[PDB]
Amino acid sequence: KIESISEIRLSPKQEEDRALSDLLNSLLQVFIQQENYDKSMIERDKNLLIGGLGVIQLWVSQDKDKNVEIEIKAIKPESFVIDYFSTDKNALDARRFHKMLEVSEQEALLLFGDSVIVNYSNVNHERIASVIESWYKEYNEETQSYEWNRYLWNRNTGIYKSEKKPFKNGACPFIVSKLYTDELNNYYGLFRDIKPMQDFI
Amino acid sequence: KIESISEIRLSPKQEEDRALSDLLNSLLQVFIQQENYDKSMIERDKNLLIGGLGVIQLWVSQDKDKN
Amino acid sequence: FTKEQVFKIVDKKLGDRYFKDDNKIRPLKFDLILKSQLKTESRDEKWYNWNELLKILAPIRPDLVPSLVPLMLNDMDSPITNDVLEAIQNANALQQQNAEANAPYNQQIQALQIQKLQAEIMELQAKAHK
Amino acid sequence: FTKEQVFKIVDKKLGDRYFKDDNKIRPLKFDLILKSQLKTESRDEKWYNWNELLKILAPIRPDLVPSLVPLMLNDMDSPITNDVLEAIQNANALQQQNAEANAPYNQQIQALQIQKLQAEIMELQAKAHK
């Protein structure tokens, strides 16, 4: 899978869409040939093969010089909780995604200002914090469409920061796929069918 | 079966039906190259092979922009 | 599927060939035959059909072949297609420009040869008369 | 992606072909088809497509081929490309310089042949008259 890394090219449906598509295939190259792409894809394939989950998030960070960029990051699947009501692979009928993050102190200061109270830890000397970032699918009442909202919160502390529709379209940044969903709604992976052979060896 | 996914193309019976059929083969491509097609076909084949049933439903949803 | 829904999906020629109606696609019962094939995109299938058709039509009728290659290249999924099409347009414009620039000399030569062959008529008739 | 963000990434021709708007890329629903392929850089893919297209178009239409090789060589990732392009420009400049230097002799020969073929008309007409 390392040398067969798949990209997606775009093709026109009509004849007039070609000047669109050959534009967008030129604009996806700065998303393709970035440094994080191959790392996120190989981490994704390792998580899909060892376990059953593959989680890749996207971001639209814009640093200083009007330069909009699409960051890509593969998420560790053990620090990622899906809605229990979603039964299918790719997690499309999911209403919420939770990720439990470790956050350092100055990254928590940059993430939100000092006006709200942070429940830090004291693990050795550095005051880290455990922050749960939840993404909720809720339909609006002004427009009748679903939008995704972000809540950075801590258990037994409350909500640190609540933002609604923080992507100009109400799109969830996570792309999830489960390999081998089974009964009782678990991901099965390639590990369980080859595990007793390894134990016998 | 994953790489031998079968689509259905339409052929004209008479000579005058070709302008119909080459129209409809262009209109089935938005049904073919959608994201749910390969997932539904592979789930169908898995259900037909593991068990005996294969059930696929279709819908004519129209969201907001006369689409 | 409404008519504006159809014309947002298909090309202009494919829409104009079917609607000569009543703004609705009305297929009859004995009109279509369902044939199964491998799931491929339409431009790749048209490209393969264009390739085999140009390799078939080469010995039997060659003059049909160079009039088909813009219609072949319009159905190409390559990213170089928008350059090849304007290259074809520039070459055709230069060719017709050179043709319409050299055509007065050609019609001058034609009229002059006609006048020479008439002058031979009147010369031989005058010799026969004298 | 803003318009100046797009025009910093793509070429001038790729930007001008799409924006004939409202300064935003507005793709419709039935416009794009997603096709998976191997992850390769754009100039290498365009180079391979140019190579197969020039090997296809060689027997069927040869006169299209020498007008495509600057457009092929512009899409080359080789370090010698900036030398080959100025070599092409110098060769084209020398060719058009020789053509525009030799063209007065060619039009002189054309007018002189026209005058000779008219002199034949008046000669044969005078012979027929006498």
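Taken together, the values in this text are just the output of simple stated rules run on the coordinates, not laboratory data. Heads up, the Cβs are rebuilt from the backbone with ideal geometry, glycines too, and the neighbour counts pull from every protein chain shown.
Compute the Rg to Rh ratio over chain A from the alpha carbon atoms, using the Kirkwood formula for Rh, and round to two decimal places.
1.01
Taking the Cβ of B:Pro12 as the center, what net charge do the other residues with Cβ under 10 Å away carry, scoring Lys and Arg +1 and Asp and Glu -1?
Details: positive: B:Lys13, B:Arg18; negative: B:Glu15, B:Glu16, B:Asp17, B:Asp22, C:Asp31.
Net local charge, B:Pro12 excluded: -3.
Which net charge results for the neighbourhood of A:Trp153, defined as the other residues with beta-carbon distances under 13 angstrom from its beta-carbon, given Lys and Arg at +1 and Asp and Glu at -1?
+3
How big, in percent, is the set of alpha carbon pairs in chain B lying more than 20 Å apart? Show your work: numbers first, answer last.
Details: 1045 of 2211 pairs.
Here the tail beyond 20 Å accounts for 47 percent of pairs.
Per residue of C:47-55, what is the mean number of Cβ atoms on other protein chains within 10 angstrom of that residue's Cβ?
Average per residue, whole number: 1.
Work out how far the C-alpha atoms of chain C reach from end to end along every principal axis, then list the three figures in whole Å, largest first.
Principal extents (largest minus smallest coordinate, Cα): 86, 38, 32 Å.
If R₀ is 45 angstrom, what is the calculated FRET efficiency for the pair A:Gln33 and A:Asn119, using the beta carbon separation as r and rounding to 0.05?
It comes to 0.65.
If you find the alpha carbon centre of region A:143-192 and of region C:1-42, how far apart are they in angstrom?
With region A:143-192 and region C:1-42 each reduced to a Cα centre, they are spaced 40 Å.
Counting only other chains, what is the mean number of Cβ atoms within 10 angstrom of the Cβ of each residue in peptide A:159-166?
Taking the mean over all residues of the peptide, I get 0.
Assuming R0 = 25 Å, what is the FRET efficiency of C:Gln107 and D:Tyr105, from their Cβ-Cβ distance, to the nearest 0.05?
0.60
With r as the distance between the Cβ atoms of A:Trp59 and A:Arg127 and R0 = 22 Å, compute the FRET efficiency 1/(1 + (r/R0)^6) and round to 0.05.
E(calc), rounded to 0.05, equals 0.30.
Give me the distance in nm between label points sitting 7 Å out from Cα along the Cα-to-Cβ direction at C:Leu68 and A:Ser145, one decimal.
Label at C:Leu68, label at A:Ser145, 4.5 nm between them.
Can you grab the distance from the C-alpha centre of region C:46-68 to the C-alpha centre of region D:76-130, Å, no decimals?
That distance is 36 Å.
For D:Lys130, which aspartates and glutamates qualify as cross-link partners when the Cα separation must be under 17 Å and same-chain residues fewer than eight apart are set aside?
Qualifying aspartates and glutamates at Cα under 17 Å: C:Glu120, C:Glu123, D:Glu120.
May I ask which of B:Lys64/D:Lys24; C:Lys127/D:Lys127; A:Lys13/C:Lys46; A:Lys178/B:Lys39; C:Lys12/C:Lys35 have a Cα-Cα span longer than 18 Å here?
B:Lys64/D:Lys24; C:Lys12/C:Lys35
Starting from the Cα gyration tensor of region A:115-201, multiply each eigenvalue by 5, take the square root, and state the resulting semi-axes largest first in whole Å.
Ellipsoid semi-axes (Å, largest first): 35, 26, 10.
Determine one quarter of the surface area of the Cα convex hull of the protein assembly as shown, which equals its mean projected area, and express it in nm² to one decimal.
Approximately 43.7 nm², given one-decimal rounding.
So, in Å, what gap is there between the alpha-carbon centers of region B:1-27 and region A:1-73?
Centre-to-centre (Cα) distance: 33 Å.
So how do A:20-32, C:92-104, B:10-22 stack up, highest first, on mean other-Cβ count within 10 Å?
A:20-32, B:10-22, C:92-104
Over the whole of A:85-96, what's the average partner chain Cβ count within 10 Å per residue? Rounded to a whole number, please.
What the average comes to for A:85-96 is 1.
With runs of 4+ DSSP H residues as the only contributors, calculate the mean residue ellipticity of the protein assembly as shown at 222 nm using -39,500 (n - 2.57) per run, divided by the residue total and rounded to the nearest 500.
Only helices count here, giving -15000 deg cm²/dmol.
Give me the net charge for the shell around A:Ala129: Cβ to Cβ below 11 angstrom, other residues only, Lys and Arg +1, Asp and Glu -1.
On the way: positive: A:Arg127; negative: A:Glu102, A:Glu105, A:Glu107, A:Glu126.
Residues close to A:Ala129 contribute a combined charge of -3.
Quick one: with label points 7 Å out along Cα→Cβ, list the inter-copy distances for C:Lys55 in nm, shortest first?
Going from nearest to farthest copy, the values are 1.3 nm.
Looking down the axis that turns C into D, which residue of C has the closest beta carbon, and how many Å out?
For the rotation taking chain C to chain D, the closest Cβ gives C:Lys127, 17.
What does the convex hull of the Cα atoms come to per residue for region A:60-155, in Å³?
185 Å³
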